[PDB]
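Chains b, j, c, a, k and d, in that order, give the protein sequences. Count along the first sequence from 1, then add 440; that gives the number in the authors' numbering. Residue 22 in the authors' numbering sits at position 22 of the second sequence; the count goes up by one each step and never skips. Residue 69 in the authors' numbering sits at position 69 of the third sequence; the count goes up by one each step and never skips. Residue 731 in the authors' numbering sits at position 731 of the fourth sequence; the count goes up by one each step and never skips. Count along the fifth sequence from 1, then add 8; that gives the number in the authors' numbering. Residue 133 in the authors' numbering sits at position 133 of the sixth sequence; the count goes up by one each step and never skips. First up is the structure itself, then whatever we jot down about it.
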Amino acid sequence: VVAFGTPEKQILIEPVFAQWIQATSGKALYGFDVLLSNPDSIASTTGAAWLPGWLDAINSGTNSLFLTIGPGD
Amino acid sequence: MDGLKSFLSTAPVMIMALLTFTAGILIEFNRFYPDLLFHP
Amino acid sequence: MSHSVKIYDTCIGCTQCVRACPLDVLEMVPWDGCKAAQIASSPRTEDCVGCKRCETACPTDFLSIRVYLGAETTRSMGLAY
Amino acid sequence: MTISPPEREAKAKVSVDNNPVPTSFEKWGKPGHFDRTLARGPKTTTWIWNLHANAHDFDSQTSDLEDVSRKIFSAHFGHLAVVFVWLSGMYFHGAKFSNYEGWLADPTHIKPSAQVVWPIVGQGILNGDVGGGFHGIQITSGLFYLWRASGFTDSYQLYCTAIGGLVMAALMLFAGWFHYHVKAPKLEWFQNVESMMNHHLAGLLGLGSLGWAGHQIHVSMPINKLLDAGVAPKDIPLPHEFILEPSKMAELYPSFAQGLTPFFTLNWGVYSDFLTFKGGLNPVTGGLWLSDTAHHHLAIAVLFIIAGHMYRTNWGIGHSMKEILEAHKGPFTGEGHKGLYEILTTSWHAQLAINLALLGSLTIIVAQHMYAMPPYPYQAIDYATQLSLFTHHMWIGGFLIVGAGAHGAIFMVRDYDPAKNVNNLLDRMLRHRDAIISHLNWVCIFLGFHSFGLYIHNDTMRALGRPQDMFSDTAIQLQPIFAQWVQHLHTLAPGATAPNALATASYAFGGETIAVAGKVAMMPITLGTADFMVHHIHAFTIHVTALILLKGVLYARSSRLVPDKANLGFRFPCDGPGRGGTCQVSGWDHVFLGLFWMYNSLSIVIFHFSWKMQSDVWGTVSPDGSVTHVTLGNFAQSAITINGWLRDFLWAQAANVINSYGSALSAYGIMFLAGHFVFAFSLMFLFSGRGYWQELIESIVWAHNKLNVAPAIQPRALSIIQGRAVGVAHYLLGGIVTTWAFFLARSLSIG
Amino acid sequence: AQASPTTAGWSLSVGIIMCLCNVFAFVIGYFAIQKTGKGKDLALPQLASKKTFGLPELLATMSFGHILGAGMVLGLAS
Amino acid sequence: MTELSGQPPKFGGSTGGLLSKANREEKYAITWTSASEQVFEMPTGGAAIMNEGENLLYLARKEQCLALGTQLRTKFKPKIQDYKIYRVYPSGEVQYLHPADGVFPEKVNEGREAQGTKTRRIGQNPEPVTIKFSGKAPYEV
Ligand code: CLA
Ligand code: CLA
Ligand code: CLA
Ligand code: CLA
Ligand code: CLA
Ligand code: CLA
Ligand code: CLA
Ligand SMILES: CCCCCCCCCCCCCCCC(=O)OC[C@H](COP(=O)(O)OC[C@@H](O)CO)OC(=O)CCCCCCCCCCCCCCC
Ligand SMILES: [Cl-]
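See the structure below:
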């Protein structure tokens, strides 16, 4: 489909499950708002001393901590 | 005759005939309705 | 050295293994376990090369003659030098 | 009792059976009839594969040499029918689906195109703009050039050729049916080798080139002379108008005024107007001179017609081939050729091996001759056409050669009689095959070390920053001195050793740089250290292929390991794990390995050709005359290392195939990936073994039994020999398709 | 600057060259042909040296004579 | 065993014959009586001529002698079932090998002792774990 000059007809499956897992650990990029990606969550309202640093690391696109994924992945 | 029928009914003739029928179906369906990546 | 050639009690005495053997490893000896009243024997396994022609020939449901390859000698390696 | 003609014996050596095989359709409905082992019934899926493997094995089907000969004759007829259908389809697509007339009107500013893709699922992008508003796939077969050389002008002539090709195919088909079922020639008829040879040299080759010389003089040459002058194809009279108006022939060639009298009175010189010997190329079109080719075909007709008289048939004069064979025997060869006439008249595989060898060699010769002496108009301008035809004829020749080795081995297994071969050539070669094969092995090792080893030395020296220690024209030179000397002799031939030749036979040996349009048609092809190394690589690979195949033939009967191999047959997997393991001892397996090695050799040959022509030949000439080659003359310094071939040849020139997406050449990149895939796929069959696959089939069959879907024809893993056949077939297909895509994309992208 | 061919056959090309080559070819054929008289078609009353030993021998040696003669004519013609 | 007689077959020579092993290690001999001078296939490549009467031939291996023996007994008009095969050592010692008791092994014969016999099926061999840390395999017990 890309050879014939029509790359818009690609079957591109979004890896929704791994993105959702990333969200559960705090990755807000996808907007799933589940567990550590939701401030109201009981999993995130614990006062865990690691949570601010873990979120700050996992939500900056400057490292290899849960690299953003797409149909290629 | 019966031998010609038994030959035209052999496995390669029948499998190529069915493959041709299915290819015609798919090619024509994509001719009149192309680019169906998914259902609306 | 040599390979090991065993003959089991499912032998029907058809002798096809002896005819297949290209090195005269096998013989037919009298027996009473089958109708043919004969069983295959391997009295010269020191000449056996292990080409498995006997096993190819055996008709019984899984072979009644079995060749287990063992220690390699110049006779068993089919060497002419 | 079908259609019975009178007789047609003509009081000749004809002897036929009136109706041995009756016509019926029932054996069509019984697949496997020709083999006793298959007529019973398929119990395992192996029966299926065998049904295709023994289809043409007529020897294993029947013991009557006469029936085998009749089968082969009728199958030859059916094969000619298939080829006639193919050629007629070519002419039909050129007639009704090609821009042949638009191309003829302006060949320089247009590209040869046939086959229009149907616009669907986006494949309509494959209809690239070839010129004059025409959109299609560009063809590299060079059909348009052969057609312009023949004298074609209208699509209706090509359509008539296509209709005639269909009719000729029907003729060949009916002839095969009639000569196998009705009048079937006896065995005694095929064994007249003197008669057959006289006819083939005189009637097939001689009369063929005679008739084609007639057509070239009457149709090709005048139309091509009018095309080269620019009279335009719509204004040139039809070919028959030159026969109906001999004044029109005299106005183009005044020699036609004097009539046939110079021929009958041996006054041939006045025929200089159309019987010429110029030598070089046409300045307007870059091809060979059609008058030179007409004179050539005329002399070839003369030579072949004369040669068709040496052998004796019914009238006493001639030669007995058995006599000539039996006469030749010396102090080194005992009885020489005593017994060869008998095996070359009762064994089909012997003739087949000889003929495959010579035909493959001849096709390689055809590639190497047609590239440097472009016989067709505007052929050398199209580097894609040139490269494509070259590599195609190369591959065909190599395959025919591998088949020659195969059928030599088959003859040895099936038709060898030791009583009929006592102390002759065959006997003594079998008696010193150890000497032969050991020396060929040593030559192969010496060639591998002294060709590829030079490349490895150069890679290591260059990597270490030691260019002065390399093998190259600028360091340790390895000059192809003898080839350079022969090139120089060729250059000086016209006017000296070739007085009546105006120009050199091929400008690849030297001379001016003949250029048509913006591109260079042909120019001298210099030879240096890199050429030396590549040529010795060619020598090495050809010698290794010959080693494998010759060993396969010479030991197909026996070896020190397997002394009774002749009883095992031509084609068998092994003779056990014993004796250390005896895998691939058969002649068939030697053919199997020789296939890979011929692929290796020919891949290197075509890579050498492509790179050398892109570096030191093809290019653009300026109005000043400056030649800018396709890849800027990079061969001499890059083709001396393997990294040079990986970077400047493969990696560099692969840029067109990979970026072909979204363009008309995208199918080439697709087939590129496809060839890579099939090559990788073959490695599963070649690297594994039947036992694993059968055991896996066991569990899959158990799962079928669980749901009661097990088939009555039990699934069996591919046989050992079949595993290898699948492996080699897919290896060759994948690799050749990869390089087909690579070559076509690269050559079409460089304009 | 091609090969000149005598200009017209008249008396020199024929007889003096062609007939002589045919005669000498007939001599060498009568001297060296193995199966002299056994063709499917036989020869009419022998007498001289033309159809004395078979139509096949005569025809083959006349063909060879014309080969020799064409060679001679074209060669000496310069 | 004693001495071996017979005439060498008519043959001009091959590269496939005996090597250093024949003198250094062991060799094999096959004798047979032929009714006439007839051509046969040499197991080492080529065609040889056997003579009427007795013929002795020296080969490199026992399998080569047995292949020649099968060819003699299967490919000749009056079949030759008379060939005897011996193992020849460089000490001059000759050892009669085939056919063992004067009778081809394909057919039964009295006075033959069974060897390699196993009084059970294949599926009745013991488990290797039951015999590990011995030196035996399940077929050797
Ligand atoms: C093997 C996996 C695979 C899958 C997932 C797809 C999927 C798809 N491809 Mg693709 N393709 C593949 C392999 C695959 N392809 C390969 C190997 C190639 C190389 C040859 C291609 C090359 C390719 C091209 C060139 C194109 C596609 C296109 C398409 C799309 C067209 C679908 C369509 O409408 O067709 C037909 C739709 C149908 C419904 C046909 C079925 C009709 C049946 C016969 C009737 C049955 C109905 C039944 C009676 C109803 C009963 C209901 C029941 C409840 C009672 C589709 C989403 C097209 C596209 O544009 O993509 C968007 C297109 O142009 N593919
Ligand atoms: C109503 C609009 C329409 C129009 C404008 C066309 C136009 C065209 N069609 Mg199409 N087609 C249509 C409807 C239409 N079709 C429908 C509704 C179907 C679904 C059944 C098809 C399925 C179809 C096929 C399979 C083929 C065409 C083909 C063709 C072309 C040749 C016509 C012909 O009869 O030659 C010859 C016709 C045929 C060879 C097949 C006739 C099609 C019938 C309906 C199906 C028969 C196939 C058979 C049941 C199973 C295949 C086995 C095989 C050995 C035949 C033509 C330009 C042919 C083509 O593309 O040429 C290369 C062709 O192969 N069409
Ligand atoms: C109506 C025509 C007709 C009929 C019914 C028969 C009948 C028969 N032929 Mg015969 N024959 C024919 C035409 C015909 N033939 C032609 C045209 C030729 C010239 C090539 C021959 C030459 C010939 C030979 C040499 C032999 C037979 C044999 C046989 C018998 C074996 C059955 C068989 O062929 O298996 C089934 C065959 C098929 C289903 C054919 C499938 C297509 C094959 C695989 C390839 C097609 C290539 C094609 C022929 C080439 C031209 C095609 C091109 C125009 C596209 C059978 C009774 C064989 C025999 O004696 O049996 C022991 C045999 O050796 N025939
Ligand atoms: C001058 C006489 C003559 C000619 C023209 C041929 C020609 C041919 N023979 Mg034949 N042959 C002859 C005499 C002749 N033979 C005799 C006397 C014998 C008995 C010993 C044989 C026995 C023999 C065998 C055993 C075989 C052949 C085969 C062949 C074909 C293989 C070559 C090929 O494929 O090239 C290219 C093919 C072509 C160009 C096909 C066109 C030629 C047509 C069919 C005949 C010419 C038409 C006719 C002469 C009138 C047209 C010319 C006129 C208008 C001026 C070939 C067409 C092989 C075969 O069967 O091939 C199918 C084969 O197996 N020949
Ligand atoms: C080193 C010696 C030598 C060499 C170089 C060749 C090489 C060649 N031979 Mg030759 N052959 C040889 C020895 C040799 N042969 C001897 C000693 C004899 C006497 C028995 C023959 C008799 C022989 C014949 C009768 C023919 C050849 C033909 C050929 C050419 C085949 C080309 C081809 O396959 O294309 C395509 C094939 C063809 C155009 C014609 C195919 C002819 C048939 C199919 C093959 C021969 C059938 C065979 C004689 C049947 C009888 C054998 C047995 C069943 C009794 C080829 C170049 C053929 C040829 O055309 O010569 C120019 C051919 O007609 N050979
Ligand atoms: C004039 C040439 C010629 C002749 C007439 C023969 C004749 C014969 N050969 Mg031989 N051979 C040839 C060329 C020739 N071959 C070449 C060029 C090679 C090198 C590859 C061989 C190597 C060879 C071997 C190794 C063997 C034979 C065998 C045979 C015999 C069985 C025929 C057969 O294969 O069954 C039917 C044919 C087939 C099943 C072929 C189909 C499979 C092909 C290879 C697939 C190719 C795919 C296609 C080209 C490209 C891919 C497209 C795909 C996706 C559709 C037969 C008498 C066999 C034999 O037993 O000898 C007695 C055998 O063992 N030949
Ligand atoms: C890159 C892959 C590769 C290589 C290098 C080889 C190597 C070789 N093949 Mg082989 N082959 C291959 C792929 C390869 N094969 C594949 C895929 C197949 C399956 C089809 C085969 C099947 C095959 C067959 C059937 C045969 C060969 C043959 C040969 C030998 C030819 C003689 C020769 O070239 O002299 C020697 C060349 C070399 C050893 C290449 C390396 C030399 C380097 C440059 C020098 C090394 C310097 C020094 C020694 C390094 C020492 C390091 C130090 C620490 C000790 C050769 C050793 C033929 C043969 O045996 O000919 C006699 C033969 O019969 N091959
Ligand atoms: C640059 C070329 C380099 C090669 C020169 C050295 C030649 C090597 C072998 C010497 C003898 C062969 C020459 C006499 C040719 C010849 O026939 O000699 C004569 C003799 C047989 O001749 P007869 O007297 O028997 O002639 C009667 C014939 O009708 C026999 O049927 O041949 C032999 O003695 C057998 C050995 C030949 C096999 C040796 C070939 C080895 C392969 C070497 C390949 C080199 C490549 C050459 C390049 C094309
Ligand atoms: Cl480099």
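Just so it is clear, CB atoms sit at the ideal spot from N, CA and C, and this is done for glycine as well.
In chain order, what residues of the same chain lie with their CB nearer than 8 Å to the CB of residue i, ignoring the 5 residues before and after it?
| i | result |
| --- | --- |
| a:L561 | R579, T582 and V585 |
| a:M1 | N19 |
When every heavy atom of ligand 2 is checked, does at least one fall within less than 8 Å of the C-beta of residue i?
| i | result |
| --- | --- |
| j:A11 | no |
Enumerate in chain order the residues of its own chain whose CB-to-CB distance from residue i is below 7 Å, with the five nearest sequence positions on each side excluded.
| i | result |
| --- | --- |
| d:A35 | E52 and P78 |
| k:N30 | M70, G73, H74 and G77 |
When you compare the CB of residue i with every CB in chain c, is at least one pair closer than 9 Å?
| i | result |
| --- | --- |
| a:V413 | no |
| a:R579 | yes |
Can you find a heavy atom of ligand 3 that lies under 8 Å from the Cβ of residue i?
| i | result |
| --- | --- |
| c:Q38 | no |
Let me check you understand the geometry: is the CB of residue i closer than 8 Å to at least one non-hydrogen atom of ligand 7?
| i | result |
| --- | --- |
| a:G448 | yes |
| a:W588 | no |
Ligand 6 and residue i: does the residue's C-beta get closer than 8 Å to at least one heavy atom of that ligand?
| i | result |
| --- | --- |
| a:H200 | no |
In chain d, which residues lie with their C-beta within 7 Å of the C-beta of residue i?
| i | result |
| --- | --- |
| a:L430 | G45 and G46 |
Hey, does residue i have any beta-carbon neighbour from chain d nearer than 9 Å?
| i | result |
| --- | --- |
| a:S558 | yes |
Compare the C-beta of residue i with all C-beta atoms of chain b and state if any pair is closer than 9 Å.
| i | result |
| --- | --- |
| a:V85 | no |
| a:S666 | yes |
Along chain d, in chain order, which residues have C-beta atoms closer than 8 Å to that of residue i?
| i | result |
| --- | --- |
| c:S42 | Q115 and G116 |
Please classify residue i: is it buried, with 16 or more other beta-carbons within 10 angstroms of its beta-carbon, or exposed?
| i | result |
| --- | --- |
| a:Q487 | buried |
| b:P479 | exposed |
| a:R40 | exposed |
| j:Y33 | exposed |
| a:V231 | exposed |
Name the chain b residues that come within less than 9 Å of residue i, Cβ to Cβ?
| i | result |
| --- | --- |
| a:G122 | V441, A443, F444, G445, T446 and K449 |
So with CB distances below 9 Å, who are the chain c contacts of residue i?
| i | result |
| --- | --- |
| a:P573 | Correct list: empty, because the minimum Cβ distance to chain c is about 11 Å. |
Give me the chain a residues within the contact set of residue i, using Cβ-Cβ distance strictly less than 9 Å, ordered along the chain.
| i | result |
| --- | --- |
| k:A68 | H309, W315, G316, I317 and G318 |
Kindly examine ligand 5 and report whether one of its heavy atoms sits closer than 8 Å to the Cβ of residue i.
| i | result |
| --- | --- |
| a:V82 | no |
At a Cβ threshold of 9 Å, is residue i touching chain j?
| i | result |
| --- | --- |
| a:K183 | no |
| a:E26 | yes |
Using a Cβ cut-off of 9 Å (strictly closer), state whether residue i contacts chain a.
| i | result |
| --- | --- |
| d:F40 | yes |
| d:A67 | yes |
| c:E27 | no |
| d:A22 | no |
Which residues in the same chain have their Cβ closer than 6 Å to the Cβ of residue i, if we skip the five residues on either side of it in sequence?
| i | result |
| --- | --- |
| a:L400 | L356, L359 and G360 |
Tell me whether residue i counts as near ligand 9, meaning its Cβ is closer than 8 Å to at least one heavy atom of that ligand.
| i | result |
| --- | --- |
| a:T474 | no |
Residue i versus chain c: which residues are under 8 Å apart at the beta carbon?
| i | result |
| --- | --- |
| d:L19 | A80 and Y81 |
Strictly below 8 Å CB to CB, what residues from chain a border residue i?
| i | result |
| --- | --- |
| d:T130 | Near d:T130 there are no residues of chain a at all, since even the closest Cβ is about 25 Å away, more than 8 Å. |
Return yes when the C-beta of residue i is under 8 Å from any heavy atom of ligand 8, and no when it is not.
| i | result |
| --- | --- |
| a:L425 | yes |
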